[PDB]
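Note sheet for the following structure.
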Amino acid sequence: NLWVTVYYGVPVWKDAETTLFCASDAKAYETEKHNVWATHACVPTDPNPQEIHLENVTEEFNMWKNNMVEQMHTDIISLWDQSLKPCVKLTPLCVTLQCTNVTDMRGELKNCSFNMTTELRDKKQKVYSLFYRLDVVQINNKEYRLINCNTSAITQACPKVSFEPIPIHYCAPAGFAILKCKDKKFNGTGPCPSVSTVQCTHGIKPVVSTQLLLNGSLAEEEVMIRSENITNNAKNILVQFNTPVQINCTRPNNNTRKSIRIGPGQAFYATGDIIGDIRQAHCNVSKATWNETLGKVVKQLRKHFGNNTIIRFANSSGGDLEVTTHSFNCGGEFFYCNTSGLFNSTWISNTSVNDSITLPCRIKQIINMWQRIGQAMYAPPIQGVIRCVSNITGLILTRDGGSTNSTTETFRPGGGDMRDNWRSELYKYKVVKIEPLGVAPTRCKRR
Amino acid sequence: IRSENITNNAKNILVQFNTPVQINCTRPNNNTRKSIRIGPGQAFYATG
Amino acid sequence: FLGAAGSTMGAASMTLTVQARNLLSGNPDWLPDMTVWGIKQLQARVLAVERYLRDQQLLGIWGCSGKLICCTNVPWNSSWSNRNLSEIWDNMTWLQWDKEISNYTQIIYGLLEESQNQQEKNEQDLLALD
Amino acid sequence: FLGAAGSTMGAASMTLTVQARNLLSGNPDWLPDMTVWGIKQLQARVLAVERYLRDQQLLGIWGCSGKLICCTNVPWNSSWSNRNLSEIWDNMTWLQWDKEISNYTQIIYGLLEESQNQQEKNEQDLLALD
Amino acid sequence: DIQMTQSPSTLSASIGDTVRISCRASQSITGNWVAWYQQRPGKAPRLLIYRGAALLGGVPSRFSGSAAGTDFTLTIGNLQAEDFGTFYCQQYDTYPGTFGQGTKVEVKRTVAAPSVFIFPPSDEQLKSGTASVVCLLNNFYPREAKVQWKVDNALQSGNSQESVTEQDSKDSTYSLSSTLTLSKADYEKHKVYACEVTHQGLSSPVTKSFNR
Amino acid sequence: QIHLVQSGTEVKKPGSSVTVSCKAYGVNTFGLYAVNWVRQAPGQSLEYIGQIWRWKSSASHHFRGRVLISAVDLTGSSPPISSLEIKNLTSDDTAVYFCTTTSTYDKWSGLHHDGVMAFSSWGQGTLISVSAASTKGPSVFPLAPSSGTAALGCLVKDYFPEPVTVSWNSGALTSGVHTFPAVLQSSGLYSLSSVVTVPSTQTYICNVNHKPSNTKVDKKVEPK
Ligand SMILES: *[C@@H]1O[C@H](CO)[C@@H](O[C@@H]2O[C@H](CO)[C@@H](O[C@@H]3O[C@H](CO[C@H]4O[C@H](CO[C@H]5O[C@H](CO)[C@@H](O)[C@H](O)[C@@H]5O[C@H]5O[C@H](CO)[C@@H](O)[C@H](O)[C@@H]5O)[C@@H](O)[C@H](O[C@H]5O[C@H](CO)[C@@H](O)[C@H](O)[C@@H]5O[C@H]5O[C@H](CO)[C@@H](O)[C@H](O)[C@@H]5O)[C@@H]4O)[C@@H](O)[C@H](O[C@H]4O[C@H](CO)[C@@H](O)[C@H](O)[C@@H]4O[C@H]4O[C@H](CO)[C@@H](O)[C@H](O)[C@@H]4O[C@H]4O[C@H](CO)[C@@H](O)[C@H](O)[C@@H]4O)[C@@H]3O)[C@H](O)[C@H]2NC(C)=O)[C@H](O)[C@H]1NC(C)=O
Ligand SMILES: *[C@@H]1O[C@H](CO)[C@@H](O[C@@H]2O[C@H](CO)[C@@H](O[C@@H]3O[C@H](CO[C@H]4O[C@H](CO[C@H]5O[C@H](CO)[C@@H](O)[C@H](O)[C@@H]5O)[C@@H](O)[C@H](O[C@H]5O[C@H](CO)[C@@H](O)[C@H](O)[C@@H]5O)[C@@H]4O)[C@@H](O)[C@H](O[C@H]4O[C@H](CO)[C@@H](O)[C@H](O)[C@@H]4O[C@H]4O[C@H](CO)[C@@H](O)[C@H](O)[C@@H]4O)[C@@H]3O)[C@H](O)[C@H]2NC(C)=O)[C@H](O)[C@H]1NC(C)=O
Ligand SMILES: *[C@@H]1O[C@H](CO)[C@@H](O[C@@H]2O[C@H](CO)[C@@H](O[C@@H]3O[C@H](CO[C@H]4O[C@H](CO[C@H]5O[C@H](CO)[C@@H](O)[C@H](O)[C@@H]5O)[C@@H](O)[C@H](O[C@H]5O[C@H](CO)[C@@H](O)[C@H](O)[C@@H]5O)[C@@H]4O)[C@@H](O)[C@H](O[C@H]4O[C@H](CO)[C@@H](O)[C@H](O)[C@@H]4O[C@H]4O[C@H](CO)[C@@H](O)[C@H](O)[C@@H]4O)[C@@H]3O)[C@H](O)[C@H]2NC(C)=O)[C@H](O)[C@H]1NC(C)=O
Ligand SMILES: *[C@@H]1O[C@H](CO)[C@@H](O[C@@H]2O[C@H](CO)[C@@H](O[C@@H]3O[C@H](CO)[C@@H](O)[C@H](O[C@H]4O[C@H](CO)[C@@H](O)[C@H](O)[C@@H]4O[C@H]4O[C@H](CO)[C@@H](O)[C@H](O)[C@@H]4O)[C@@H]3O)[C@H](O)[C@H]2NC(C)=O)[C@H](O)[C@H]1NC(C)=O
Ligand SMILES: *[C@@H]1O[C@H](CO)[C@@H](O[C@@H]2O[C@H](CO)[C@@H](O[C@@H]3O[C@H](CO[C@H]4O[C@H](CO)[C@@H](O)[C@H](O)[C@@H]4O)[C@@H](O)[C@H](O[C@H]4O[C@H](CO)[C@@H](O)[C@H](O)[C@@H]4O)[C@@H]3O)[C@H](O)[C@H]2NC(C)=O)[C@H](O)[C@H]1NC(C)=O
Ligand SMILES: *[C@@H]1O[C@H](CO)[C@@H](O[C@@H]2O[C@H](CO)[C@@H](O[C@@H]3O[C@H](CO[C@H]4O[C@H](CO)[C@@H](O)[C@H](O)[C@@H]4O)[C@@H](O)[C@H](O)[C@@H]3O)[C@H](O)[C@H]2NC(C)=O)[C@H](O)[C@H]1NC(C)=O
Ligand SMILES: *[C@@H]1O[C@H](CO)[C@@H](O[C@@H]2O[C@H](CO)[C@@H](O[C@@H]3O[C@H](CO)[C@@H](O)[C@H](O)[C@@H]3O)[C@H](O)[C@H]2NC(C)=O)[C@H](O)[C@H]1NC(C)=O
Ligand SMILES: *[C@@H]1O[C@H](CO)[C@@H](O[C@@H]2O[C@H](CO)[C@@H](O[C@@H]3O[C@H](CO)[C@@H](O)[C@H](O)[C@@H]3O)[C@H](O)[C@H]2NC(C)=O)[C@H](O)[C@H]1NC(C)=O
Ligand SMILES: *[C@@H]1O[C@H](CO)[C@@H](O[C@@H]2O[C@H](CO)[C@@H](O)[C@H](O)[C@H]2NC(C)=O)[C@H](O)[C@H]1NC(C)=O
Ligand SMILES: *[C@@H]1O[C@H](CO)[C@@H](O[C@@H]2O[C@H](CO)[C@@H](O)[C@H](O)[C@H]2NC(C)=O)[C@H](O)[C@H]1NC(C)=O
Ligand SMILES: *[C@@H]1O[C@H](CO)[C@@H](O)[C@H](O)[C@H]1NC(C)=O
């Protein structure tokens, strides 16, 4: 009896992948400071982002299969190179370094004398600088060299731009949509009872860190435990905190900028003498706040590893510095902190057997993150003492393979892949494409 | 047989074969790569 | 905005206009662009208009020539989801609906462009002459 | 696909839909692009959509407002290819046809946009009031 | 509640042959929700085709499904050894899912007659108070066969059990046993015991008996 | 990859309660994977019992409320595990039970149809035999050839529980041997046979091993 009829705009979608753009909230642009991080031409965010809750809908999510992570990961990487392209390349810094021990703590800093090319190509320049032990390597008084020269080339980051993370909303173009999981407890896998849609994702700060998720999103009620394959010890375990952890990372060295001239037109910023406290970089964590969280977190692992079992914590096993330490950026400088003091504990079924704690941190200006070869970035010196306060919102953890599985299990800080850091904020999001065209049988026919 | 202007000797003459002709071109010199270092980061490949 | 996706097809016909609007047009719109990350905000919106005109051809070449809803002379085959009328709109949902028609979807498409607007417009030419 | 170009105009009306399809939409479609040779795969497809909307304006501003075939109130002038009806469709081909009309092509175009949809829609406004 | 009907219940087909196994549902299934499974003897059943024609990844191209209305059919071209077994059709169209009668795909080969042997009860068994006469069917083709028990030219009802081997790995043949369980008292009351078998292979009547 | 390992063979008496477990190896979670419990009657077809999907247990109108499907997700020491229970056991429940699952992440996959679905992954299977009987040793009897060619074999009757392994000359004679499957006698005891075809001296023997009853008894075969 009936007849076919074309309906346009029916609620039908399929899971797919597209190219997502950013959103800066149109305030980051007023923050200026010559293109901070991403925001330059960055899409300002709709003042009123729209979130529509879909009733009577259940959708299955997988955060580990999420494509927004891979795009974001490649975005930061592509973003990094574009920042270093217009800046000043440090290529003729491979000159011999004659170094000596700084005036305590086994001479971590080296005072190095070397020859340099001036604006003119005729006469050289005899000048000295100050490099960390991590930035230099001796070759056989004490003679050193740049640590990256044998591996690759090097370029200096511009002092105008800042590495300051700013909120970035990922949005989808026309024909696409972004799904948001509104449940309080979600491990990133399984069906999602309450699903809402948004044009733009929430504020996401691209904070690059290791062993500690900084400035991230808090969980709801109970703390969350996420892992790709849990019984598998080869897979990292992502944790989401309820309450934020106060962390202080400072640069207890009050410095000055040389701004030496290697012209014509170019000026390099050398690290001058340190005026102030003679100290190594340090990281503070309040003993009461970390413990309280630990007691709550260690109980969540027993929802899997069993009601009663012994959970012991320990510092990093070994590997690259990026893996073994907490790597991040504060005030433009890159800190590498020793977390061994926090991870020293042993817990009972519900319990573990002072007013403050500190963590030794190391500073490295010349870095290759993401296993990049051919390009090394030099972090420019900062005037004065740098102080920063951030939230610790989560961790990257790995389980040991030694078993004795039915006895006890030990967990250690993870590292490596930075996608996990983005999976922390993107677990509730996935990309689907909308299929508007539809057909239905009805009597109307046509004349 | 193809030519832009045939009677004209200034124009090249393009020919298309029926059966393919076997041709061998070899480099009867067994070589090695120096991979010398003119850094930082750059490496040139010299003929050893 | 997709709110009736969980609801029945009968209820999903009321908010139909909303999906048409938001889906159709999406301009942020920002002129600024750069050599890298400018090509990223381009490649996305260029694919948007390519996917769009792809849909619009079907609307024109079929018996619609207009948006939202339009009808046709193609009779509904029994072999295509033999059902009850109240079992479709009142008791069933679109996602659940498109699930079954997946086999006959390409067949119906042929009936719209060939059996109608190819043979209908020609029929119209023969009926408009007199 | 163009198969009836050698055939007569009468036979060329059956496959008309095929030409409309393939011509209309052309997406490979590949997202990847680079600074050079990415601009080459862009410049081509951008000119495609510019040439397309150029054609679509005529379809709308004329008495069509729809694709494929549509008719109009413009009377065929004798001075424009004075011919036999069977001498056009049955005995003649489109390429052979467009060859002669080349002089009157621009004249006819005026009759569609001005003499019709300018004066027809206004006529409609005067006829739809009562 | 859907009822799935398969035809035939079992079939004989050779290597290289094109095998067609049909199936019919108690009602019309649209959206083509139908599944075909393969089960080799002693192994768990494996999923082949879903949605009636949609073949699962890793399955050879020799298998083809077809789905129209109430009538469904699975087509297997170029039959091979590994394909032999029991197949089932299933509908997930509505709650709950229901399977078919099942279809046993059986190897084809020249019809082979069994070699029948009859074994009189052992001496130690007679002392137990029971006597079991065992009729034997050696390698034979096909599996379908008849074994009847005649005592002094009289049929016996009850107390009869038969056993069948799986189709042989190489010979592609079957072997059959027959067990007649009777007591000692009833055993002494009769003289001649006969085992009557009839099979497509014999081309002669077979009865194996013993005068004890 | 995906591996479904079920519990061992359960033999239970009527009126009791039975618990089988299904360990799903390779499965990230039961959230993206629906678990269906299906049984197969001996010599008969397959029957759908119930399922747990989106962590919601459900079952057919035959078994309503009488069949209970429970499952726990992936843990730190073992893969996701599901268990099926049947109380008020009867003699008709002797079917072979299979633990099955299907990938539900693909929303437009033909595998599933709103709770009712096909079954992608199959377990090893678990046989449940419901009978009131105690373990017993096998009785072995020789079958002597009278006289084309010749055939001789041994007869194993009345043993419990299954299985029993029958050999010839301690595995020396592997060819031409057809060991018939055990038949369930009306007495609730099993009986089977192993026969060998002989042409035309060697004086063969039977090797029978019944492990549950610990009886390795061996019988010979002499022609009358
Ligand atoms: C991520 O995330 C996510 C989210 O967040 C997650 O997810 C999750 O998961 C989990 C897992 O792990 C889960 O949990 C689970 O659940 C399940 C289910 O539950 C459900 O169901 C059930 C059953 O059902 C049935 O029945 C009923 C009665 O009642 C009814 O009603 C229904 O309906 C059904 O039925 C059906 O069917 C039939 C036939 O069959 C038919 O006829 C009808 O018609 C229908 O269809 C039930 O029961 C339940 O309920 C309960 O609960 C609830 C809550 O939950 C409530 O509400 C209710 O009321 C109840 O309650 C009660 O109980 C409970 C228990 O616990 C308590 O608590 C309370 O208090 C009360 O008492 C539901 O509905 C289940 O099953 C499971 O369970 C398991 O586990 C546990 C621990 O946890 C334990 O304890 C238990 O016991 C069990 O276990 C079992 O199993 C295993 C394995 O299989 C084994 O091994 C063991 O041993 C055991 O077994 C036992 O038992 C049994 C019985 O049961 C027997 O048989 C044997 O023999 C032995 O004895 C669990 O719970 C959850 O849910 C989820 N969540 C959500 C949200 O969803 C995941 O997981 C994550 N992941 C990661 C990796 O992390
Ligand atoms: C995510 O991470 C998780 C963990 O972090 C990963 O889980 C891992 O998944 C793999 C599957 O790829 C598992 O390996 C597989 O294990 C099964 C089961 O093995 C267990 O049970 C066996 C039987 O148990 C019953 O029987 C006994 C006897 O009655 C009873 O007592 C028991 O109670 C049970 O009822 C048992 O034999 C096994 O022991 C043997 O193996 C272990 C492990 O190596 C040894 O320690 C033992 O000493 C002993 O040797 C075990 O206890 C196996 O059956 C699988 O074997 C298949 O795959 C092999 C390749 O790995 C292959 O070589 C085999 O031949 C076999 O393949 C067979 O089966 C296939 C399927 O039917 C056929 O297609 C094939 O042709 C062949 O017939 C396999 O070894 C891991 O155990 C599991 N991890 C852990 C910690 O358990 C998961 O994979 C990850 N997933 C993703 C997506 O990331
Ligand atoms: C592709 O390549 C081909 C070859 O590879 C190119 O072909 C070349 O084309 C050019 C044309 O641009 C030719 O030049 C022209 O030749 C003609 C003809 O000349 C021949 O015949 C003349 C008469 O022959 C008849 O009469 C006698 C007497 O009764 C009989 O016996 C004969 O059998 C005939 O019946 C004869 O006079 C010519 O001889 C003279 O010229 C040759 C060549 O230079 C000398 O060797 C001789 O010694 C003798 O001097 C010849 O045999 C000419 O008529 C053309 O002259 C015009 O153009 C001149 C500029 O080049 C110009 O100065 C002249 O005034 C003349 O222009 C006149 O004619 C125009 C047209 O009507 C008027 O508009 C104009 O106002 C004026 O009135 C010219 O020389 C080449 O010969 C030819 N190549 C070869 C090898 O033959 C071709 O061009 C290429 N094309 C492309 C697209 O790449
Ligand atoms: C990382 O660094 C951050 C920032 O430094 C730390 O967070 C700060 O922690 C400190 C101490 O834990 C806290 O300081 C107090 O804040 C109170 C308000 O919240 C102040 O009222 C208080 O001031 C009193 O004490 C000081 C020292 O004793 C006095 O110098 C001061 O004058 C105050 O005394 C007055 O008040 C009393 C009555 O209470 C009155 O009798 C007196 O007359 C006088 O009026 C402290 O300064 C900061 O508030 C914290 N900051 C934030 C942002 O939370 C964090 O602990 C560090 N983490 C680690 C691990 O080191
Ligand atoms: C995790 O999140 C925390 C909190 O968001 C981040 O901490 C931020 O750190 C940045 C520095 O990297 C801070 O930026 C600083 O802002 C200060 C305040 O600016 C206001 O006040 C001045 C008046 O003093 C106004 O003129 C101005 O318009 C603002 O309204 C500045 O004083 C700072 O400048 C000084 O410090 C930097 C280095 O820190 C030097 O380079 C400067 O030369 C100068 O000495 C600086 O601009 C920011 O304010 C902090 N947040 C908050 C809320 O205070 C963490 O950095 C982040 N973690 C990571 C890894 O990024
Ligand atoms: C009703 O519509 C259904 C729409 O899904 C049809 O299902 C599709 O049917 C075709 C028919 O052959 C299948 O084609 C085969 O696909 C397999 C596997 O393809 C999928 O899996 C691989 C392996 O991971 C993956 O890489 C692919 O992207 C596919 O998603 C191939 O191996 C074969 O060579 C062959 O191409 C489709 O796979 C199947 N499923 C889809 C498209 O998701 C169904 O057949 C229709 N019913 C009838 C009766 O026609
Ligand atoms: C590690 O976490 C534990 C909690 O699990 C912290 O124990 C806390 O210790 C303080 C004392 O230093 C307790 O305060 C006490 O409160 C009671 C009740 O008001 C009062 O009688 C005492 O005089 C004292 O003020 C506090 O209650 C207790 N926490 C809990 C939850 O009971 C511990 O402080 C943490 N680690 C460190 C660094 O102390
Ligand atoms: C893991 O953490 C525990 C707890 O902080 C560490 O125990 C600490 O060990 C030091 C010794 O190196 C203790 O110092 C001692 O203090 C007492 C009391 O004043 C004094 O009598 C001793 O002479 C010595 O100075 C320290 O007190 C102790 N911590 C506590 C809370 O008592 C342990 O060393 C850490 N393990 C590793 C491997 O880092
Ligand atoms: C690092 O070494 C340089 C010398 O290479 C020091 O600079 C000298 O400082 C003394 C002060 O004691 C002056 O008398 C010299 O004239 C300086 N020489 C040059 C070349 O600058 C420098 O002081 C050392 N590091 C610091 C600043 O403590
Ligand atoms: C990070 O912290 C740990 C723990 O304090 C340090 O381990 C010390 O290592 C030195 C040798 O370098 C030993 O002499 C000490 O006994 C160790 N301390 C303890 C408590 O065992 C470690 O050195 C720190 N930093 C690095 C880079 O390893
Ligand atoms: C300087 O300190 C380093 C420690 O890094 C030590 O190895 C070296 O011997 C010291 N040099 C002198 C001259 O004392």
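Starting from 1 in every chain, residues are counted up; chains themselves are A, B, ... following the order of the structure tokens, and ligands are numbered from 1 as listed.
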Filtered DSSP result for stretch 40-167 of chain F, state strand (DSSP E), as a PyMOL selection string: chain F and resi 40+46-53+56-59+67-72+81-86+96-103+112-113+116-117+121-122+126-130+139-143+150-159+165-167
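Summary of the local environment: counting only C-alpha atoms, residues at most 12 Å from stretch 49-52 of chain A, other than itself and those fewer than 5 positions away along its chain, are residues 23, 25, 44, 169, 170, 171, 177, 178, 179, 180, 181, 182, 194, 195, 196, 197, 198, 199, 200, 201, 202 and 203 of chain A; 1, 2, 3, 4, 5, 18 and 22 of chain C.
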Protein and nucleic acid residues within 10 Å of ligand 2 (only C-alpha atoms and all ligand atoms) as a ChimeraX atom specification: /A:228-235,405 /E:43-44 /F:1-9,21-29,74-80,121-124,126
Would you put the residues from that selection into a file with N, CA and C atoms, as a short mmCIF file (atom, residue, chain, number, x, y, z; two decimals), in the first residue's frame?
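part34.cif written:
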```
data_model
loop_
_atom_site.label_atom_id
_atom_site.label_comp_id
_atom_site.auth_asym_id
_atom_site.auth_seq_id
_atom_site.Cartn_x
_atom_site.Cartn_y
_atom_site.Cartn_z
N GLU A 228 44.49 -0.32 29.59
CA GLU A 228 44.15 -0.94 28.31
C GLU A 228 43.93 -2.44 28.50
N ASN A 229 44.95 -3.11 29.02
CA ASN A 229 44.84 -4.51 29.42
C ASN A 229 45.40 -4.66 30.83
N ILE A 230 44.51 -4.94 31.78
CA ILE A 230 44.85 -4.84 33.19
C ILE A 230 45.72 -5.98 33.68
N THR A 231 45.31 -7.21 33.40
CA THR A 231 46.06 -8.38 33.85
C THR A 231 47.42 -8.39 33.15
N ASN A 232 47.49 -7.71 32.01
CA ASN A 232 48.73 -7.56 31.28
C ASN A 232 49.62 -6.50 31.94
N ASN A 233 50.82 -6.91 32.32
CA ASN A 233 51.75 -6.01 33.01
C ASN A 233 52.53 -5.14 32.04
N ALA A 234 52.34 -5.39 30.75
CA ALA A 234 53.04 -4.64 29.71
C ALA A 234 52.30 -3.36 29.38
N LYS A 235 51.06 -3.26 29.85
CA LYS A 235 50.23 -2.10 29.56
C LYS A 235 50.20 -1.13 30.74
N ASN A 405 52.32 -14.44 41.26
CA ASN A 405 51.15 -13.60 41.02
C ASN A 405 50.18 -13.68 42.18
N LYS E 43 34.24 -31.19 18.31
CA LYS E 43 34.71 -29.82 18.46
C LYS E 43 33.56 -28.84 18.63
N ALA E 44 33.86 -27.68 19.20
CA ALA E 44 32.86 -26.63 19.38
C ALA E 44 32.46 -26.05 18.03
N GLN F 1 45.06 -14.02 21.32
CA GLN F 1 43.76 -13.53 20.89
C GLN F 1 42.66 -13.97 21.86
N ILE F 2 41.44 -14.04 21.35
CA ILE F 2 40.29 -14.42 22.17
C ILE F 2 40.27 -15.92 22.46
N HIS F 3 40.25 -16.27 23.74
CA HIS F 3 40.18 -17.66 24.16
C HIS F 3 39.18 -17.82 25.31
N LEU F 4 38.20 -18.70 25.12
CA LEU F 4 37.20 -18.92 26.15
C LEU F 4 37.42 -20.27 26.82
N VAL F 5 37.88 -20.25 28.06
CA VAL F 5 38.16 -21.47 28.80
C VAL F 5 37.14 -21.70 29.90
N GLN F 6 36.37 -22.77 29.76
CA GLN F 6 35.30 -23.09 30.70
C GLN F 6 35.79 -24.05 31.78
N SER F 7 34.90 -24.39 32.71
CA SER F 7 35.26 -25.26 33.82
C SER F 7 35.35 -26.72 33.38
N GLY F 8 35.69 -27.60 34.32
CA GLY F 8 35.82 -29.01 34.02
C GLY F 8 34.47 -29.70 33.94
N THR F 9 34.49 -30.99 33.63
CA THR F 9 33.26 -31.77 33.51
C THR F 9 32.54 -31.90 34.86
N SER F 21 32.02 -22.24 35.26
CA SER F 21 32.66 -20.94 35.10
C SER F 21 33.27 -20.81 33.71
N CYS F 22 33.22 -19.60 33.16
CA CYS F 22 33.82 -19.34 31.87
C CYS F 22 34.87 -18.24 31.96
N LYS F 23 36.13 -18.62 31.78
CA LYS F 23 37.21 -17.65 31.76
C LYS F 23 37.45 -17.16 30.34
N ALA F 24 37.25 -15.86 30.12
CA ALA F 24 37.35 -15.30 28.78
C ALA F 24 38.70 -14.63 28.59
N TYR F 25 39.58 -15.29 27.85
CA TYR F 25 40.94 -14.81 27.63
C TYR F 25 40.98 -13.98 26.36
N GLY F 26 41.59 -12.80 26.44
CA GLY F 26 41.69 -11.93 25.28
C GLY F 26 40.62 -10.85 25.26
N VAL F 27 39.66 -10.96 26.16
CA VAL F 27 38.57 -9.99 26.24
C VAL F 27 38.91 -8.84 27.17
N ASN F 28 38.87 -7.62 26.64
CA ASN F 28 39.18 -6.43 27.42
C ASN F 28 38.15 -6.16 28.51
N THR F 29 36.89 -6.46 28.22
CA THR F 29 35.79 -6.28 29.16
C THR F 29 34.49 -6.85 28.62
N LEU F 74 37.31 -7.97 33.82
CA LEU F 74 38.75 -8.18 33.84
C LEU F 74 39.36 -7.72 35.16
N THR F 75 40.11 -8.61 35.80
CA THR F 75 40.77 -8.28 37.04
C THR F 75 42.29 -8.26 36.85
N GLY F 76 43.02 -7.99 37.92
CA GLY F 76 44.47 -7.85 37.84
C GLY F 76 45.23 -9.16 37.82
N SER F 77 44.54 -10.26 38.09
CA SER F 77 45.19 -11.56 38.19
C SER F 77 44.65 -12.56 37.17
N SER F 78 43.49 -12.25 36.60
CA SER F 78 42.84 -13.15 35.66
C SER F 78 41.92 -12.40 34.70
N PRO F 79 41.64 -12.99 33.53
CA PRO F 79 40.70 -12.43 32.56
C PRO F 79 39.25 -12.42 33.07
N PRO F 80 38.34 -11.71 32.38
CA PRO F 80 36.92 -11.65 32.75
C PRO F 80 36.26 -13.02 32.85
N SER F 121 32.65 -15.92 19.32
CA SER F 121 33.64 -16.75 20.00
C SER F 121 32.99 -17.89 20.78
N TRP F 122 33.52 -19.09 20.61
CA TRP F 122 33.01 -20.27 21.30
C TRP F 122 34.04 -20.83 22.28
N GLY F 123 33.56 -21.31 23.42
CA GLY F 123 34.44 -21.89 24.42
C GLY F 123 34.81 -23.33 24.12
N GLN F 124 35.46 -23.98 25.08
CA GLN F 124 35.86 -25.37 24.92
C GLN F 124 34.66 -26.29 25.11
N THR F 126 31.49 -27.54 28.11
CA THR F 126 31.48 -28.29 29.35
C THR F 126 30.28 -29.23 29.40
#
```
Site check for ligand 8: residues at most 9 Å away, only C-alpha atoms and all ligand atoms, as number ranges by chain: A: 314, 340-345, 354
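Atom 35 (C, counted along the ligand's line) of ligand 6 is positioned 17.9 Å from atom CA of residue E:73.
Within 6 Å of chain C, and counting only C-alpha atoms, chain A contributes residues 2, 3, 4, 5, 6, 7, 8, 9, 11, 12, 19, 21, 41, 54, 55, 56, 57, 173, 174, 175, 445 and 446 of chain A.
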Test item: residues at most 10 Å from stretch 373-385 of chain A, only C-alpha atoms, excluding those fewer than 4 positions along its chain, as number ranges by chain: A: 80-81, 84, 88-90, 135, 148-149, 151-159, 250-259, 268-272, 274-276, 329, 331-334, 364-369; B: 40-42
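Around ligand 10, the neighbouring residues within 10 Å, taking only C-alpha atoms and all ligand atoms, come to residues 315, 316, 318, 321, 324, 325, 336, 337, 338, 339, 340, 341, 342, 343, 344, 359, 360, 361 and 362 of chain A.
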Within 7 Å of ligand 1 (only C-alpha atoms and all ligand atoms), residues as a ChimeraX atom specification: /A:185-187,189-190 /F:18-19,21,29,31,50,54-61,63-75,81-85
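Residues with any atom within 8 Å of residue F:137, counting only C-alpha atoms and excluding same-chain neighbours fewer than 5 positions away, are residues 158, 159, 160, 210, 213, 214 and 215 of chain F.
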Residues from last step as file, C-alpha atoms, as a PDB file, in the first residue's frame:
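Done, and the output landed in again.pdb:
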```pdb
ATOM      1  CA  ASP F 158      29.378 -52.013  32.691  1.00  0.00           C
ATOM      2  CA  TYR F 159      31.894 -49.364  33.721  1.00  0.00           C
ATOM      3  CA  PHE F 160      31.480 -45.958  35.343  1.00  0.00           C
ATOM      4  CA  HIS F 210      39.877 -47.296  33.579  1.00  0.00           C
ATOM      5  CA  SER F 213      38.129 -46.942  39.123  1.00  0.00           C
ATOM      6  CA  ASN F 214      41.912 -47.381  38.905  1.00  0.00           C
ATOM      7  CA  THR F 215      41.444 -50.670  37.045  1.00  0.00           C
TER       8      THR F 215
END
```
Within-9 Å residues of ligand 6, basis only C-alpha atoms and all ligand atoms, as a ChimeraX atom specification: /C:99-105 /E:31-33,49-61,64-68 /F:108-110
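In this model, the gap between atom CA of residue A:105 and atom CA of residue A:363 comes to 14.5 Å.
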At most 8 Å is the cut-off: for each residue in chain B with any atom that close to an atom of ligand 3, write down the nearest atom pair and the distance in Å rounded to one decimal, counting only C-alpha atoms and all ligand atoms, chain first then increasing number, as CSV.
```
residue,atom,partner,partner_atom_place_in_ligand_line,distance
B:4,CA,ligand 3,94 (O),7.6
B:5,CA,ligand 3,1 (C),4.9
B:6,CA,ligand 3,5 (O),6.0
B:7,CA,ligand 3,5 (O),3.5
B:8,CA,ligand 3,5 (O),3.1
B:9,CA,ligand 3,5 (O),6.7
```
